[PDB]
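What follows is the content of my_file_29.csv, which has CSV, C-alpha atoms:
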```csv
chain,number,residue,atom,x,y,z
E,1,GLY,CA,66.0,154.8,29.5
E,2,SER,CA,68.5,151.9,29.6
E,3,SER,CA,71.3,150.4,31.7
E,4,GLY,CA,71.9,151.5,35.3
E,5,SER,CA,72.1,149.3,38.4
E,6,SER,CA,73.6,151.6,41.0
E,7,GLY,CA,74.3,149.6,44.2
E,8,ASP,CA,77.6,147.7,44.5
E,9,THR,CA,80.1,146.0,42.3
E,10,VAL,CA,80.4,142.6,44.1
E,11,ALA,CA,80.7,143.0,47.8
E,12,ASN,CA,80.4,140.1,50.4
E,13,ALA,CA,83.2,140.2,52.9
E,14,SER,CA,81.7,137.1,54.5
E,15,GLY,CA,82.5,134.0,52.5
E,16,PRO,CA,86.1,134.0,51.3
E,17,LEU,CA,88.9,135.1,53.6
E,18,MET,CA,91.4,137.9,52.8
E,19,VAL,CA,94.7,136.7,54.0
E,20,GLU,CA,97.0,139.7,53.7
E,21,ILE,CA,100.7,139.5,54.3
E,22,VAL,CA,102.9,142.6,54.9
E,23,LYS,CA,105.9,141.6,52.8
E,24,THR,CA,108.9,143.6,51.8
E,25,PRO,CA,108.8,146.4,49.1
E,26,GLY,CA,109.3,144.8,45.7
E,27,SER,CA,110.7,141.7,47.4
E,28,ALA,CA,110.0,138.0,46.7
E,29,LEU,CA,109.1,135.7,49.6
E,30,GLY,CA,109.0,132.3,48.1
E,31,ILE,CA,105.4,131.0,47.8
E,32,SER,CA,104.9,127.8,45.9
E,33,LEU,CA,101.5,127.0,44.4
E,34,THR,CA,100.2,123.7,43.0
E,35,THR,CA,97.1,123.4,40.9
E,36,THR,CA,95.0,120.2,40.7
E,37,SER,CA,92.0,118.6,39.0
E,38,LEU,CA,88.6,117.6,40.2
E,39,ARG,CA,85.9,116.7,37.7
E,40,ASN,CA,85.0,119.4,35.3
E,41,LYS,CA,87.5,122.1,36.3
E,42,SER,CA,90.6,122.6,38.4
E,43,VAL,CA,91.6,124.6,41.4
E,44,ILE,CA,94.8,126.5,42.4
E,45,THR,CA,96.2,125.7,45.9
E,46,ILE,CA,99.4,126.2,47.9
E,47,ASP,CA,102.2,123.6,47.6
E,48,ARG,CA,104.7,124.8,50.2
E,49,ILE,CA,106.0,128.0,51.8
E,50,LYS,CA,109.6,129.3,52.0
E,51,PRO,CA,111.5,128.9,55.3
E,52,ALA,CA,112.3,132.0,57.3
E,53,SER,CA,110.0,134.0,55.1
E,54,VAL,CA,107.3,136.6,55.8
E,55,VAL,CA,104.6,134.0,55.1
E,56,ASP,CA,106.2,131.2,57.1
E,57,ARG,CA,107.4,133.4,60.0
E,58,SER,CA,104.0,135.1,60.2
E,59,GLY,CA,102.0,132.0,59.5
E,60,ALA,CA,99.5,133.4,57.1
E,61,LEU,CA,99.5,130.9,54.2
E,62,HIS,CA,99.7,127.1,54.4
E,63,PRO,CA,100.2,124.1,52.1
E,64,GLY,CA,96.8,122.9,51.1
E,65,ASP,CA,94.8,126.0,51.4
E,66,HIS,CA,92.2,126.7,48.7
E,67,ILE,CA,92.9,130.0,47.1
E,68,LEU,CA,89.6,131.6,45.9
E,69,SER,CA,91.2,134.8,44.6
E,70,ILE,CA,94.3,136.9,44.6
E,71,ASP,CA,94.5,140.7,44.2
E,72,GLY,CA,91.0,140.6,42.7
E,73,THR,CA,91.9,137.7,40.4
E,74,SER,CA,89.4,134.9,40.4
E,75,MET,CA,91.0,131.5,40.9
E,76,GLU,CA,88.3,129.7,38.9
E,77,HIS,CA,89.9,129.9,35.4
E,78,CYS,CA,93.5,130.7,36.3
E,79,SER,CA,96.7,128.6,36.2
E,80,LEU,CA,99.9,128.2,38.2
E,81,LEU,CA,101.8,130.7,36.1
E,82,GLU,CA,99.2,133.4,36.4
E,83,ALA,CA,98.7,132.9,40.1
E,84,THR,CA,102.5,132.9,40.7
E,85,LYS,CA,102.7,136.1,38.8
E,86,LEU,CA,100.1,137.8,41.0
E,87,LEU,CA,102.1,137.1,44.2
E,88,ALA,CA,105.1,138.8,42.5
E,89,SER,CA,103.1,141.8,41.6
E,90,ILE,CA,102.8,143.3,45.1
E,91,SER,CA,103.7,146.7,46.4
E,92,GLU,CA,103.7,145.9,50.1
E,93,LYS,CA,100.9,143.6,51.2
E,94,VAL,CA,99.7,140.6,49.2
E,95,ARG,CA,95.9,140.4,48.7
E,96,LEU,CA,95.5,136.6,48.9
E,97,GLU,CA,91.9,135.4,49.2
E,98,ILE,CA,91.8,132.0,50.8
E,99,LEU,CA,88.8,129.8,51.7
E,100,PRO,CA,87.8,129.6,55.4
E,101,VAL,CA,90.1,126.6,56.3
E,102,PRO,CA,90.7,125.0,59.7
E,103,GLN,CA,94.4,125.8,59.4
E,104,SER,CA,93.6,129.5,59.0
E,105,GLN,CA,90.3,131.3,59.5
E,106,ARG,CA,91.5,134.8,60.7
E,107,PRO,CA,93.4,137.7,59.1
E,108,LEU,CA,94.9,138.8,62.5
E,109,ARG,CA,94.7,136.2,65.2
E,110,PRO,CA,96.6,136.2,68.6
E,111,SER,CA,99.7,134.2,69.1
E,112,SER,CA,100.5,133.3,72.7
E,113,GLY,CA,103.0,130.8,74.0
E,114,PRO,CA,106.5,130.6,75.6
E,115,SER,CA,108.4,129.8,72.4
E,116,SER,CA,107.6,131.0,68.8
E,117,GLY,CA,110.6,132.0,66.9
```
Show how you would write the structure in this file as structure tokens.
Amino acid sequence: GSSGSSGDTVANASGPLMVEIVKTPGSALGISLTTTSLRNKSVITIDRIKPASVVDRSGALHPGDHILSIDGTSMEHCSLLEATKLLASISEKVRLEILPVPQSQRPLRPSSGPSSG
């Protein structure tokens, strides 16, 4: 009579936003992150994206977004090196968990308009 707890191992799917990006197989896009301070701890964010890339051409990530997690990696006690390593360790789609920001608050939103490129 000990241990147990049979329900779910962390499951919300409401707070953080999963910004997936269908990149090339074993290929690097060019995502640049930039960590900063606050008061007691720091936070990993996005510095800038690469031009003519899957993230830029698609418009998934953006400079300034607050990354909450990546591929199941909490961005509460991580660094720039660790985070950058996660983006490189991708098979096809990058599991980037970003906070609901005004710049991006949808995994698959419509894109209408004459020009787009």
#### Entry: Nearby residues (all atoms listed in the file) at most 10 Å from residue E:70, same-chain spacing under 3 positions excluded, as an MDAnalysis selection string
chainID E and resid 18:20 67 73:75 83:84 86:87 94:98
### Task
Would you kindly return, as number ranges by chain, each protein, DNA or RNA residue with an atom no farther than 10 Å from any atom of residue E:59, considering all atoms listed in the file and excluding same-chain residues fewer than 5 positions away?
E: 21, 49, 53-54, 103-104
### Query
Nearest to residue E:102 among E:88, E:17, E:81, E:68, with distances taken over all atoms listed in the file: which residue is it?
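Looking only at the distances to residue E:102, the closest residue turns out to be E:17.
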### Message
Here is a test: counting all atoms listed in the file, which residue of E:16, E:26, E:51, E:117 is nearest to residue E:105?
### Response
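Of E:16, E:26, E:51, E:117, the one nearest residue E:105 is E:16, counting all atoms listed in the file.
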### Query
Excluding same-chain residues fewer than 3 positions from residue E:66, what lies within 9 Å of it counting all atoms listed in the file, as JSON, numbers by chain?
{"E": [43, 44, 45, 46, 97, 98, 99, 100, 101]}
### Message
Nearest residue to residue E:65 out of E:12, E:35, E:6, E:112, using only C-alpha atoms?
### Response
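Closest to residue E:65, using only C-alpha atoms: E:35.
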### Query
What gap, in Å, lies between atom CA of residue E:58 and atom CA of residue E:34?
21.0 Å
### Distance in Å - atom CA of residue E:82 versus atom CA of residue E:63
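Answer for the atom CA of residue E:82 to atom CA of residue E:63 separation: 18.3 Å.
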### Task
Quick one: pull the distance between atom CA of residue E:47 and atom CA of residue E:78, Å, one decimal.
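Interatomic distance, atom CA of residue E:47 to atom CA of residue E:78: 15.9 Å.
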### Message
I need the residue nearest residue E:48 from this list: E:69, E:9, E:79, E:32. Use all atoms listed in the file for the distance.
### Response
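Using all atoms listed in the file, the shortest distance to residue E:48 belongs to E:32.
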### Task
Select, from E:56, E:13, E:40, E:29, the residue with the minimum atom-to-atom distance to residue E:76, counting only C-alpha atoms.
E:40
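Shortest atom-to-atom contact with residue E:41 among E:7, E:55, E:77, E:25: E:77, counting all atoms listed in the file.
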Incomplete stretch 48-71 of chain E brought to N, CA and C atoms, written out as an mmCIF file, keeping the file's coordinate frame:
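Written output follows (out35.cif):
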```cif
data_model
loop_
_atom_site.group_PDB
_atom_site.id
_atom_site.type_symbol
_atom_site.label_atom_id
_atom_site.label_comp_id
_atom_site.auth_asym_id
_atom_site.auth_seq_id
_atom_site.Cartn_x
_atom_site.Cartn_y
_atom_site.Cartn_z
ATOM 1 N N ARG E 48 103.840 124.651 49.002
ATOM 2 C CA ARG E 48 104.700 124.800 50.200
ATOM 3 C C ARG E 48 105.166 126.250 50.316
ATOM 4 N N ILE E 49 105.519 126.645 51.536
ATOM 5 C CA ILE E 49 106.000 128.000 51.800
ATOM 6 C C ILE E 49 107.523 127.996 51.985
ATOM 7 N N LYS E 50 108.135 129.163 51.815
ATOM 8 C CA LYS E 50 109.600 129.300 52.000
ATOM 9 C C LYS E 50 109.951 129.442 53.450
ATOM 10 N N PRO E 51 111.079 128.840 53.868
ATOM 11 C CA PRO E 51 111.500 128.900 55.300
ATOM 12 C C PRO E 51 112.107 130.275 55.615
ATOM 13 N N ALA E 52 111.856 130.712 56.845
ATOM 14 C CA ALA E 52 112.300 132.000 57.300
ATOM 15 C C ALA E 52 111.808 133.138 56.445
ATOM 16 N N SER E 53 110.596 132.961 55.929
ATOM 17 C CA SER E 53 110.000 134.000 55.100
ATOM 18 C C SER E 53 108.903 134.741 55.853
ATOM 19 N N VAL E 54 108.340 135.761 55.215
ATOM 20 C CA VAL E 54 107.300 136.600 55.800
ATOM 21 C C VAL E 54 106.010 135.790 56.002
ATOM 22 N N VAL E 55 105.769 134.861 55.081
ATOM 23 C CA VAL E 55 104.600 134.000 55.100
ATOM 24 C C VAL E 55 104.719 132.890 56.115
ATOM 25 N N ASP E 56 105.926 132.341 56.195
ATOM 26 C CA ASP E 56 106.200 131.200 57.100
ATOM 27 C C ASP E 56 106.378 131.738 58.534
ATOM 28 N N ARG E 57 107.186 132.781 58.695
ATOM 29 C CA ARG E 57 107.400 133.400 60.000
ATOM 30 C C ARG E 57 106.158 133.935 60.605
ATOM 31 N N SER E 58 105.304 134.479 59.744
ATOM 32 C CA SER E 58 104.000 135.100 60.200
ATOM 33 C C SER E 58 102.970 133.997 60.343
ATOM 34 N N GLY E 59 102.974 133.021 59.439
ATOM 35 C CA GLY E 59 102.000 132.000 59.500
ATOM 36 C C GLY E 59 100.663 132.352 58.894
ATOM 37 N N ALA E 60 100.712 133.005 57.738
ATOM 38 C CA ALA E 60 99.500 133.400 57.100
ATOM 39 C C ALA E 60 98.996 132.375 56.090
ATOM 40 N N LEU E 61 99.877 131.927 55.200
ATOM 41 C CA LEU E 61 99.500 130.900 54.200
ATOM 42 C C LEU E 61 99.917 129.518 54.715
ATOM 43 N N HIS E 62 99.386 128.489 54.061
ATOM 44 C CA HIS E 62 99.700 127.100 54.400
ATOM 45 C C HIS E 62 99.520 126.176 53.237
ATOM 46 N N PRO E 63 100.308 125.088 53.189
ATOM 47 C CA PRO E 63 100.200 124.100 52.100
ATOM 48 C C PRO E 63 98.950 123.312 52.108
ATOM 49 N N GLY E 64 98.087 123.571 51.131
ATOM 50 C CA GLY E 64 96.800 122.900 51.100
ATOM 51 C C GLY E 64 95.632 123.802 50.994
ATOM 52 N N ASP E 65 95.836 125.046 51.420
ATOM 53 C CA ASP E 65 94.800 126.000 51.400
ATOM 54 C C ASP E 65 94.169 126.196 50.022
ATOM 55 N N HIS E 66 92.877 126.505 49.970
ATOM 56 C CA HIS E 66 92.200 126.700 48.700
ATOM 57 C C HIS E 66 92.048 128.160 48.353
ATOM 58 N N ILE E 67 92.919 128.639 47.472
ATOM 59 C CA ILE E 67 92.900 130.000 47.100
ATOM 60 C C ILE E 67 91.675 130.331 46.194
ATOM 61 N N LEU E 68 90.835 131.250 46.659
ATOM 62 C CA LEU E 68 89.600 131.600 45.900
ATOM 63 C C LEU E 68 89.900 132.794 44.991
ATOM 64 N N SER E 69 90.830 133.659 45.383
ATOM 65 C CA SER E 69 91.200 134.800 44.600
ATOM 66 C C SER E 69 92.475 135.459 45.070
ATOM 67 N N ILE E 70 93.092 136.271 44.219
ATOM 68 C CA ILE E 70 94.300 136.900 44.600
ATOM 69 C C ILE E 70 94.419 138.319 43.913
ATOM 70 N N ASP E 71 94.383 139.363 44.733
ATOM 71 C CA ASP E 71 94.500 140.700 44.200
ATOM 72 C C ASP E 71 93.284 141.027 43.297
#
```
